[PDB]
Amino acid sequence: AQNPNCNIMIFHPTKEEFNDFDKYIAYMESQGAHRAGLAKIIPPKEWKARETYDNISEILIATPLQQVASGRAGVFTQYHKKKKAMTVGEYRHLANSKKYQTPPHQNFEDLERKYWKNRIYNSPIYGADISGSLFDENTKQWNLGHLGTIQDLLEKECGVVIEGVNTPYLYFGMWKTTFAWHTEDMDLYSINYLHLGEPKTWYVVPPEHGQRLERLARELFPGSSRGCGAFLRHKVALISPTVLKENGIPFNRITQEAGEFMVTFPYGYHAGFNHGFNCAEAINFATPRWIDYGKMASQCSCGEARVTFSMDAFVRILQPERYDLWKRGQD
Ligand SMILES: O=C(O)CNC(=O)C(=O)O
Ligand SMILES: [Mg+2]
Ligand code: NI
Ligand SMILES: [Zn+2]
């Protein structure tokens, strides 16, 4: 069995190996990468996503989200308070202001310490979930706006044609902006490219151990767990590495830098935070190996998780017994 300790693997594809996206994902899996739940892919030196980032300031962040925490430093939830629209140039200036900027630090480990000590005492503003792309149309390799769609994958594997579309999303971050513990919708893969700026630190639980994280979460967030049998779908709960270690939960960590891709694998729980002003692009995707995870994915039906148009068909075809309850949660 490859990668039996479920370590995060780092790949350095050549320019030739960077041509065929599906083939390379399958290669990484042949080496056991999926066992970690997360892999890093460093693009060949010949590749670029676009020529420059000099002309992005006029992108609008229609609904910046202030991420307000409740709880204790290592075990907290966050809610998202909607703020007034602002441009990416305005948001960058805000990220760099004295109130929001990254503090002085020694290295990534010192910054990580500071994050977990102090995150709850601040409310950073995240420009998350913006439909769009920063890949140049002429970038042919690993262009997250040109991937095979999940609807096409389902059709190819299962024979059923379905409605829906699959487009990327931009994330503008600042120091302390946080992504809560989650798996993807329908336990899909994700791919995330850090276009520019400061790093993003990731934490991940191996897919084979995801239920250990869920059991801890039910213990640590007992009201939320009574409310919903899949409350991690709400994407609000944070648990620190220290707390995970105290509770024996297997996990790994890694820091993504600008110019690097991360892939999350089906049912790989992940969480993390941004080091300072940055911009990432991410999209969900599927492979043949995903289908069995999609059929077994948990679902939130309490109403909170509220998701895209395109999840309807996935539930309807892969999970027909759950469909009626889930759809009630959507309405
Ligand atoms: O970058 C973020 O805020 C969150 N990203 C993801 O969870 C992802 O790419 O799957
Ligand atoms: Mg612009
Ligand atoms: Ni994710
Ligand atoms: Zn729910």
# chains A, B, ... in the order shown; residues from 1 in each chain; ligands from 1

call {"tool": "closest_atom_pairs", "arguments": {"of": "chain A", "to": "ligand 4", "cutoff": "6 Å", "atoms": "only C-alpha atoms and all ligand atoms", "output": "JSON lines"}}
result
{"residue": "A:228", "atom": "CA", "partner": "ligand 4", "partner_atom_place_in_ligand_line": "1 (Zn)", "distance": 4.5}
{"residue": "A:230", "atom": "CA", "partner": "ligand 4", "partner_atom_place_in_ligand_line": "1 (Zn)", "distance": 5.7}
{"residue": "A:231", "atom": "CA", "partner": "ligand 4", "partner_atom_place_in_ligand_line": "1 (Zn)", "distance": 4.8}
{"residue": "A:300", "atom": "CA", "partner": "ligand 4", "partner_atom_place_in_ligand_line": "1 (Zn)", "distance": 4.1}
{"residue": "A:301", "atom": "CA", "partner": "ligand 4", "partner_atom_place_in_ligand_line": "1 (Zn)", "distance": 5.5}
{"residue": "A:302", "atom": "CA", "partner": "ligand 4", "partner_atom_place_in_ligand_line": "1 (Zn)", "distance": 4.1}
{"residue": "A:303", "atom": "CA", "partner": "ligand 4", "partner_atom_place_in_ligand_line": "1 (Zn)", "distance": 5.7}
{"residue": "A:304", "atom": "CA", "partner": "ligand 4", "partner_atom_place_in_ligand_line": "1 (Zn)", "distance": 4.8}
{"residue": "A:305", "atom": "CA", "partner": "ligand 4", "partner_atom_place_in_ligand_line": "1 (Zn)", "distance": 5.6}

call {"tool": "residues_around", "arguments": {"residues": "stretch 194-198 of chain A", "least_positions_apart": "5", "cutoff": "10 Å", "atoms": "only C-alpha atoms", "output": "number ranges by chain"}}
result
A: 48-50, 52-53, 102, 134-135, 170-175, 256-262, 274-282

call {"tool": "residues_around", "arguments": {"residues": "residue A:31", "least_positions_apart": "5", "cutoff": "12 Å", "atoms": "only C-alpha atoms", "output": "number ranges by chain"}}
result
A: 1-4, 6-11, 24-26, 36, 39

call {"tool": "write_last_selection", "arguments": {"atoms": "C-alpha atoms", "output": "mmCIF file, in the first residue's frame"}}
result
data_model
loop_
_atom_site.group_PDB
_atom_site.id
_atom_site.type_symbol
_atom_site.label_atom_id
_atom_site.label_comp_id
_atom_site.auth_asym_id
_atom_site.auth_seq_id
_atom_site.Cartn_x
_atom_site.Cartn_y
_atom_site.Cartn_z
ATOM 1 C CA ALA A 1 0.000 0.000 0.000
ATOM 2 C CA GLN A 2 1.540 3.307 -1.044
ATOM 3 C CA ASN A 3 1.883 6.129 1.519
ATOM 4 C CA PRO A 4 0.596 4.068 4.435
ATOM 5 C CA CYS A 6 -0.919 9.226 4.956
ATOM 6 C CA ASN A 7 1.695 11.928 4.600
ATOM 7 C CA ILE A 8 1.123 14.968 2.455
ATOM 8 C CA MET A 9 3.023 14.422 -0.798
ATOM 9 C CA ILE A 10 4.586 17.148 -2.936
ATOM 10 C CA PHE A 11 4.844 16.702 -6.712
ATOM 11 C CA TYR A 24 -1.516 13.311 -13.450
ATOM 12 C CA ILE A 25 -4.192 13.066 -10.736
ATOM 13 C CA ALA A 26 -4.341 9.345 -11.370
ATOM 14 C CA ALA A 36 -3.284 12.202 3.103
ATOM 15 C CA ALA A 39 -1.274 17.085 -2.010
#

call {"tool": "atom_distance", "arguments": {"atom1": "atom CA of residue A:117", "atom2": "atom CA of residue A:37"}}
result
25.9 Å

call {"tool": "closest_residue", "arguments": {"among": "A:331, A:312, A:187, A:324", "to": "residue A:284", "atoms": "only C-alpha atoms"}}
result
A:187

call {"tool": "select_by_dssp", "arguments": {"residues": "stretch 84-276 of chain A", "states": "strand (DSSP E)", "output": "number ranges by chain"}}
result
A: 86-87, 125-131, 169-173, 178-182, 189-197, 200-205, 237-239, 252-256, 261-264, 269-274

call {"tool": "atom_distance", "arguments": {"atom1": "atom CA of residue A:176", "atom2": "atom 1 (O, counted along the ligand's line) of ligand 1"}}
result
12.0 Å

call {"tool": "residues_near_ligand", "arguments": {"ligand": "ligand 1", "cutoff": "7 Å", "atoms": "only C-alpha atoms and all ligand atoms", "output": "VMD selection string"}}
result
chain A and resid 128 171 178 to 179 184 190 to 192 264 270 to 271 280 282 to 283

call {"tool": "select_by_dssp", "arguments": {"residues": "stretch 19-50 of chain A", "states": "alpha helix (DSSP H)", "output": "PyMOL selection string"}}
result
chain A and resi 21-30

call {"tool": "write_last_selection", "arguments": {"atoms": "C-alpha atoms", "output": "PDB file, in the first residue's frame"}}
result
ATOM      1  CA  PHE A  21      -4.615  16.812 -15.896  1.00  0.00           C
ATOM      2  CA  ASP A  22      -6.626  13.636 -15.348  1.00  0.00           C
ATOM      3  CA  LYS A  23      -3.627  11.441 -16.014  1.00  0.00           C
ATOM      4  CA  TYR A  24      -1.516  13.311 -13.450  1.00  0.00           C
ATOM      5  CA  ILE A  25      -4.192  13.066 -10.736  1.00  0.00           C
ATOM      6  CA  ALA A  26      -4.341   9.345 -11.370  1.00  0.00           C
ATOM      7  CA  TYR A  27      -0.537   9.168 -11.175  1.00  0.00           C
ATOM      8  CA  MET A  28      -0.519  10.987  -7.827  1.00  0.00           C
ATOM      9  CA  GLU A  29      -3.074   8.515  -6.531  1.00  0.00           C
ATOM     10  CA  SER A  30      -0.931   5.580  -7.777  1.00  0.00           C
TER      11      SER A  30
END

call {"tool": "atom_distance", "arguments": {"atom1": "atom CA of residue A:70", "atom2": "atom CA of residue A:177"}}
result
14.7 Å

call {"tool": "residues_near_ligand", "arguments": {"ligand": "ligand 2", "cutoff": "10 Å", "atoms": "only C-alpha atoms and all ligand atoms", "output": "ChimeraX atom specification"}}
result
/A:53-60,87-89

call {"tool": "decode", "arguments": {"residues": "stretch 233-254 of chain A", "atoms": "N, CA, C and O atoms", "output": "mmCIF file, in the first residue's frame"}}
result
data_model
loop_
_atom_site.group_PDB
_atom_site.id
_atom_site.type_symbol
_atom_site.label_atom_id
_atom_site.label_comp_id
_atom_site.auth_asym_id
_atom_site.auth_seq_id
_atom_site.Cartn_x
_atom_site.Cartn_y
_atom_site.Cartn_z
ATOM 1 N N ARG A 233 -20.806 20.439 7.588
ATOM 2 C CA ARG A 233 -21.265 21.025 6.297
ATOM 3 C C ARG A 233 -21.578 22.477 6.379
ATOM 4 O O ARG A 233 -21.576 23.189 5.395
ATOM 5 N N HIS A 234 -21.784 23.021 7.608
ATOM 6 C CA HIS A 234 -22.034 24.427 7.773
ATOM 7 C C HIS A 234 -20.810 25.295 7.619
ATOM 8 O O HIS A 234 -20.852 26.462 7.442
ATOM 9 N N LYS A 235 -19.596 24.645 7.718
ATOM 10 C CA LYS A 235 -18.351 25.295 7.519
ATOM 11 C C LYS A 235 -18.144 26.467 8.451
ATOM 12 O O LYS A 235 -17.749 27.526 8.058
ATOM 13 N N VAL A 236 -18.293 26.198 9.749
ATOM 14 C CA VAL A 236 -18.107 27.192 10.811
ATOM 15 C C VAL A 236 -17.230 26.742 11.941
ATOM 16 O O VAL A 236 -16.942 27.618 12.785
ATOM 17 N N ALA A 237 -16.783 25.522 12.047
ATOM 18 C CA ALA A 237 -16.077 25.036 13.236
ATOM 19 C C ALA A 237 -14.608 24.923 13.046
ATOM 20 O O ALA A 237 -14.113 24.403 12.012
ATOM 21 N N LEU A 238 -13.876 25.444 14.018
ATOM 22 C CA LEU A 238 -12.405 25.371 14.065
ATOM 23 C C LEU A 238 -11.916 24.615 15.261
ATOM 24 O O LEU A 238 -12.462 24.802 16.387
ATOM 25 N N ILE A 239 -10.917 23.776 15.067
ATOM 26 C CA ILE A 239 -10.262 23.012 16.113
ATOM 27 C C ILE A 239 -8.801 23.099 15.834
ATOM 28 O O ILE A 239 -8.371 22.818 14.681
ATOM 29 N N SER A 240 -7.998 23.473 16.807
ATOM 30 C CA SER A 240 -6.544 23.696 16.595
ATOM 31 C C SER A 240 -5.768 22.442 16.520
ATOM 32 O O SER A 240 -6.190 21.405 16.985
ATOM 33 N N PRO A 241 -4.543 22.530 15.943
ATOM 34 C CA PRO A 241 -3.689 21.331 15.952
ATOM 35 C C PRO A 241 -3.384 20.809 17.344
ATOM 36 O O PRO A 241 -3.243 19.594 17.546
ATOM 37 N N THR A 242 -3.253 21.705 18.315
ATOM 38 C CA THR A 242 -2.995 21.253 19.677
ATOM 39 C C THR A 242 -4.140 20.413 20.202
ATOM 40 O O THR A 242 -3.956 19.373 20.827
ATOM 41 N N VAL A 243 -5.370 20.874 19.978
ATOM 42 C CA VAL A 243 -6.517 20.098 20.406
ATOM 43 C C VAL A 243 -6.666 18.790 19.672
ATOM 44 O O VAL A 243 -7.007 17.739 20.224
ATOM 45 N N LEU A 244 -6.389 18.794 18.353
ATOM 46 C CA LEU A 244 -6.407 17.541 17.612
ATOM 47 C C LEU A 244 -5.377 16.544 18.224
ATOM 48 O O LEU A 244 -5.696 15.382 18.369
ATOM 49 N N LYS A 245 -4.176 17.041 18.461
ATOM 50 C CA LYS A 245 -3.130 16.123 19.053
ATOM 51 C C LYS A 245 -3.559 15.630 20.411
ATOM 52 O O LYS A 245 -3.399 14.419 20.713
ATOM 53 N N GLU A 246 -4.146 16.465 21.231
ATOM 54 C CA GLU A 246 -4.570 16.031 22.591
ATOM 55 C C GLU A 246 -5.550 14.973 22.495
ATOM 56 O O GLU A 246 -5.699 14.138 23.428
ATOM 57 N N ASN A 247 -6.417 14.933 21.433
ATOM 58 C CA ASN A 247 -7.442 13.984 21.243
ATOM 59 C C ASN A 247 -7.111 12.816 20.281
ATOM 60 O O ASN A 247 -7.916 12.021 19.922
ATOM 61 N N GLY A 248 -5.827 12.743 19.926
ATOM 62 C CA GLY A 248 -5.350 11.625 19.133
ATOM 63 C C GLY A 248 -5.827 11.586 17.715
ATOM 64 O O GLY A 248 -5.900 10.527 17.105
ATOM 65 N N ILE A 249 -6.290 12.728 17.154
ATOM 66 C CA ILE A 249 -6.807 12.762 15.772
ATOM 67 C C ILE A 249 -5.660 12.817 14.761
ATOM 68 O O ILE A 249 -4.841 13.724 14.874
ATOM 69 N N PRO A 250 -5.557 11.855 13.850
ATOM 70 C CA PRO A 250 -4.503 11.930 12.853
ATOM 71 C C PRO A 250 -4.658 13.131 11.908
ATOM 72 O O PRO A 250 -5.784 13.292 11.378
ATOM 73 N N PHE A 251 -3.642 13.888 11.709
ATOM 74 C CA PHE A 251 -3.722 15.009 10.769
ATOM 75 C C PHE A 251 -2.349 15.378 10.275
ATOM 76 O O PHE A 251 -1.326 14.970 10.892
ATOM 77 N N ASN A 252 -2.261 16.218 9.264
ATOM 78 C CA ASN A 252 -1.018 16.792 8.792
ATOM 79 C C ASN A 252 -1.209 18.235 8.467
ATOM 80 O O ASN A 252 -2.378 18.739 8.435
ATOM 81 N N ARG A 253 -0.147 18.976 8.300
ATOM 82 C CA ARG A 253 -0.176 20.355 7.974
ATOM 83 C C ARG A 253 0.808 20.708 6.919
ATOM 84 O O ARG A 253 1.877 20.037 6.801
ATOM 85 N N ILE A 254 0.585 21.745 6.140
ATOM 86 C CA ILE A 254 1.514 22.212 5.130
ATOM 87 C C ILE A 254 1.190 23.609 4.791
ATOM 88 O O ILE A 254 -0.001 24.052 4.872
#
